Structure formats: C-alpha cells, structure tokens
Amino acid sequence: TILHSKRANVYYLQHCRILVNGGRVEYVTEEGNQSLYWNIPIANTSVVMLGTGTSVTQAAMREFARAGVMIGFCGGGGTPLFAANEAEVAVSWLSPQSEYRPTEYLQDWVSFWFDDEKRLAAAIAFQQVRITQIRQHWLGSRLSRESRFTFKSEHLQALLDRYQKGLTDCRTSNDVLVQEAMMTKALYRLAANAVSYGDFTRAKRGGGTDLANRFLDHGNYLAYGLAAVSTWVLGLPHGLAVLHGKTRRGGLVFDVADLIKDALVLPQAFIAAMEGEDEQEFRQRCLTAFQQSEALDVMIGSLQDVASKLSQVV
C-alpha cells in the first residue's frame, strides 16, 4: 500500500463507463462503434472525479474502496452535481468504508466541534494557513519561473496583512465570511492584473463564459477531491465543517480546499487563460502544482495541527 500523500494520480473522467475487466479497473470510452479500455492504477491514485456521462459498477467500487480511493460524482465542467435555486450539492462522495482509519484526530475533532467558539477558532486557523500558503506559493520559486505572472510583492503583502488583521476582529462565522469576500475580491483583481487579463468579475453562480471563470470553476473541484482525501485519511467525516457548513453539504471538504485553492489554483487559472489553453491543459497545471507543492500534505498537516490545538481530551 502506497501512502496517500505519495500517490501521484488524480483523475477527472467524463463520458465513459468504469468497470472491472480481468481483475483490473478500467474506464471505457465509446467514441464511435469501437470501445477503448484504459487502465486506472488505483494503488497509485488518491481520488477519481466522475463528471457527465459516467457510470461505475459495484465491482469497480469494490476495488476503489479496498485501495482507499475516494470517489466523487460532480456535475462536470465546473458545475455542481445537483443545482437548484438555493439548493446545491457540489459532489456526492462515496467514501471507502472498509479500510479503517486512525481514531485520534476524530476524537480530537468531536471533542470541540460542538462548541461554537472552538469552531470559530478552527475557521480562523484555516484562514491563517491560507494566508501563509498564498504568501509562500505566490512568491516562491515555482511561480517566479512563470514570466506571465508579474505583480508587485508589496501589494500582495498589504492584502494578506490587511486580511490577517481583519480576522482578529471577527467574532462570528459570518464576520469571517465577510472578510474572506473582501480579501478574495482584491486577490482576484491582483491575479487578473498580473497576467494583463483586463476586466474580471468572479462568476459566483458558476455561469461564467470567460476562460478565467471556467478554469476557476474546474480547479475548485480538483481541490475538492484532494480535500475529500485529506479528511478521509484522518478519519474526519465531511459534515463536520467549521466555516462553510452552514450552507453546503460536505462542508469540511470546502473548508479544507480553501487552504490551497487561492494559493495554487488561482494563479494557474489566469495563466492558462492568457495562454489560450483547453481544460485538460489547465488540469495538468493544477495537478502538477498540487504535486510539486505537496498540497495533500498541506491539507493533512493543517487538519492535524488544528485538531491538536483545539482538542479537549485530557
């Protein structure tokens, strides 16, 4: 068995049937009247996301679970699986139930999760990790090699420090959501100007037509799958959220994705937009950034730190 943070494969599949053929897990594409079989290395895979036109068999789900592979059904193309006027389910997660997870972090989590103040402290602690991650990867060596992404370091520093001070003034979870909105709005403008994108407004409803909004939508679901693996590895149920629980099902997946979403996905979205790339080329950018930045380790390590900080065990 390979450790999840060492697994190198994240899959996003559409228009194919996933079954077991000769004991091996394969996804079958039917472009034409000929079927094509593609092997999935589940031992080296952490998460497989299933979009439009996908199906899975029970035998395939058996192998996924035994290998500890998180399976999620999403809407495809950056859309939620189920969308309504206010109702929305982003991803239906099929968590493996057969590979027993450690217990210590779960006991730490439930020991404080029902305290309103301790849940607020966890949410702030997530945003502080988010600030650290943005400062690190927006100014690091990997992104400096991208000559297309040019911005004034003082502008980002003033932004992160303004958000850092705003978090201390927060007293409710809604206060933090307001500060996150202000910070993310200025951060979108900074990333847009960094690539000479021109005018940009984030399509919060997911109905954006420009390449930046489309890539930001798709990049979020890539981050969701990585966050779903992080909470599972530590035996944390997706429903024990700290910030985005009061609106969305599977909230902790969204909270944990925020740890690396703006730091890794956001710059790659605007870069790929100005390069005129398709979805797969932008997908390879996010996946590579996830590997090289050890994004899975960041989410797992952040949850472990927060769990021990707020634990109420003796």
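When you see a residue number, it is the position in the sequence shown, counting from 1.
Mean CA temperature factor is higher for 168-176 when stretches 233-241 and 168-176 are set side by side in the entry. Between 110-118 and 214-222, the higher mean Cα B-factor belongs to 110-118. Highest C-alpha temperature factor among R130, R189, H137, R145 per the entry: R145. Comparing C-alpha B-factors across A65, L266, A273, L36 in the deposited entry, the largest value falls on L36. Ranked against the other modelled residues of its chain, the C-alpha B-factor of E26 as given in the entry falls in the middle third.
Annotation for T247: C-alpha temperature factor in the highest third relative to the rest of the modelled chain, per the entry. In this PDB entry, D255 carries a Cα temperature factor that places it within the middle third of its chain's modelled residues. When the modelled residues of the chain are ordered by their C-alpha B factor, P80 lands in the middle third. Annotation for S196: CA B-factor lies in the middle third of the chain's modelled residues.
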